[PDB]
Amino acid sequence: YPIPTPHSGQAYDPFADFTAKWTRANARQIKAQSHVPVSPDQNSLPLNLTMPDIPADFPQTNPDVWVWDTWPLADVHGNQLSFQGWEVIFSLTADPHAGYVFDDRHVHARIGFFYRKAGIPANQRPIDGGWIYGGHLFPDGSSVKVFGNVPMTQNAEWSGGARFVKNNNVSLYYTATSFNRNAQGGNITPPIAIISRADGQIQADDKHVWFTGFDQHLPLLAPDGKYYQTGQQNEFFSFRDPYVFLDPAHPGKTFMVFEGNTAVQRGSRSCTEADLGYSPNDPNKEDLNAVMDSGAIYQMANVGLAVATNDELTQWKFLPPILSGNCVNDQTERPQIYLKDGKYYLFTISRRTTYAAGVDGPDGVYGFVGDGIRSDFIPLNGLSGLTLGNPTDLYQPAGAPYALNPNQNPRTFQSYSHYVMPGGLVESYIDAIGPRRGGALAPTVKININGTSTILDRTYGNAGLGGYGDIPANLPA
């Protein structure tokens, strides 16, 4: 049982060169806290860190749309806003009746919007959450203009966030992606990912919500290979998922966290003793060269920070990363800064299959707490970093959502893209429950966030499961 790396939570200047590490000694706490499942149970995780089992008879959010990563209409304070008595969400969408299969939908993603009347308790809405699909948010061909005349086979609109803020009242921060792939899915040139902004206008009457504008897409950030990995450094790089927010500690600034990778050429032997996170006199420390030899150098997640450099928020620059998972996991996705009781919670999603050799954990949401947006972040829950995982046996193989291992929990991929909302409510989408694939919103759940630890509230809704796609507004716009 490894000694977890201690962390102070101390704050730094957002502009200073300090990056917190989610170390191997921290991440190894997840398996240390786990138990061999007592058959026929197939969950190894601590109950307080486990998402309840989602029913196999879940409804689709819409019969004509695969929905996955979802975000609310929000402000830069993380408030979720209603507009003229309507709740509004935005999702990555694809067409289930378009010829491509669920696992191939990502390069076809379009941002869509849904709406429903505000102020109805979840259990009084239709079981599907009563979301009305408005269609695509952006005009056809508007997003792809950010790439100009580059060779391309597909473009997609990937995740970010919506900010209620010209006649325009909504800024959509998102990830424009361009692919140049052979028919087998191999990259002819590396994918291009540009964090972008498009402004438009939400309008409503008693019947429907609709949007105008989003004709002009502004490229804000693309990786430069100093702090954030490029496609030239690694064709499989990640760079996406802007969360734009105001830090009360730095009024007058607007910040953004996003997913990146550490800026190394792929296959570099770049991990350090600080990524491993052992005392040099710990007789049970791992060996740095052994860890890199095991292939852990292919797992290089980071959480980036950027700051606006003009009043209009149309110019941005990179700051050093706030969290790295080098030789731990390749993915720290959809990061968000969640403010509670003067503390800064960094929540980010990750996958079991993108852990480095010698480290393991479930698909779900990971959490860290500190005294600022740039902190020596304290991994939650016994210095582990796990906030909430799908039920998973860490003592048997992971499998995949398209090929479940029958020795593994059939709900290990039941949900993904957990987004933490005001009051600790968590929304997500359904990926696989046994042989059924979702592309529908999951039941909303509730975590009790208490200092350095969290507990899934098993009294919320029906034995921990709230409404399908319950993404409520707390404040009128």
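One-based numbering along the sequence shown.
Gap check for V165 to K166: 4 to 9 deposited residues are absent from the model. Across the two stretches, 36-44 and 66-74, the PDB entry reports the greater mean Cα temperature factor for 36-44. For the two regions 9-17 and 456-464, the entry's Cα B-factors average higher over 456-464. Across the options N284, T272, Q336, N381, the residue with the most elevated CA B-factor in the record is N284.
As recorded in the PDB entry, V150 shows the highest C-alpha B-factor of the residues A222, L346, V150, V244.
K253: CA B factor in the highest third of modelled residues in this chain (values from the PDB entry). In the deposited entry, the Cα temperature factor of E427 sits in the bottom third of values across the chain's modelled residues. In the PDB entry, a CA B factor belonging to the lowest third of its chain's modelled residues is recorded for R374. For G141, the recorded CA B-factor ranks within the middle third of the chain. Only modelled residues enter the ranking. Among the modelled residues of the chain, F214 sits in the middle third by CA temperature factor in this PDB entry.
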